[PDB]
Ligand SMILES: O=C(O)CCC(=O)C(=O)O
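One chain comes next, on its own, written out as structure tokens in the form solved without the ligand.
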């Protein structure tokens, strides 16, 4: 089995900055997993980030490092083969987080998110660059819908085409198990949640970057990074290929013994 994108799909992604929906799991299967995961998030006995009021804790950052079903999710061929077709087979998953949305939540206007750390403004992602030229800081984001993501639910909004506009709603509705893949900085918006109070939307995002990229650059002798992030037990996960660099903290094994074995095609 292979999930590499076709040359056309890759082209589509290149002009839009995103692509989806793409099936990761069948609806009932994703639901089955989320039913388990939801309870497991409650137990932080082995979470890499300590208790705090920071984003990392409240939005449950990097639980793929302690929850088996999440460890497997970021390793999924359905995800990895597709991301790999975009930025290379030597893939690193440097982060995952949840995106809940509840009744009353307002939408967001069109904007481009950045990969800087909120607490310090430090770049969490740094791509290699030529002399003088600034460094790219984007990261391929795979947003899987654990719950259905509808317009009523406050689903994401993306616009076709690539500060600038060019030669001249768009809701990304998703069923449980489907995902949308996009550059973290792709132009996007989101609708407000106008549904019932029991109808919550849950998205699980896994972010990827090729091995040549530096994760949490500097951080030489740091642990407490901000926003509740503590690098002590942090590690980027090599999901495929090999790592010819070694300049990033790496996690070959999850906090629960789940072994991350790089996929090869």
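Numbering follows the first chain given and starts at 1.
We do not show the form deposited with the ligand bound, though everything after this point is about it.
Taking heavy atoms and a 4.5 Å cut-off, does residue 114 contact the ligand in the deposited bound form? Answer yes; at least one heavy atom of residue 114 falls within 4.5 Å of the ligand in the deposited bound form.
Could you tell me if residue 146 has a non-hydrogen atom within 4.5 Å of the ligand in the deposited bound form? Residue 146: no, not in contact with the ligand in the deposited bound form.
Any chance residue 101 has a heavy atom within 4.5 Å of the ligand in the deposited bound form? Although the ligand is absent here, residue 101 would touch it in the deposited bound form, with heavy atoms inside 4.5 Å.
With the cut-off set at 4.5 Å between non-hydrogen atoms, does residue 33 touch the ligand in the deposited bound form? Residue 33: no contact with the ligand in the deposited bound form.
Where, among 40 to 48, 63 to 71, 230 to 238, 200 to 208, do residues come within 4.5 Å of the ligand in the deposited bound form by heavy atom distance? After filtering at 4.5 Å, what remains is 200 to 208.
Only one of 162, 108, 194, 129 has a non-hydrogen atom within 4.5 angstroms of the ligand in the deposited bound form; which is it? Looking at the other structure, the residue within range turns out to be 108.
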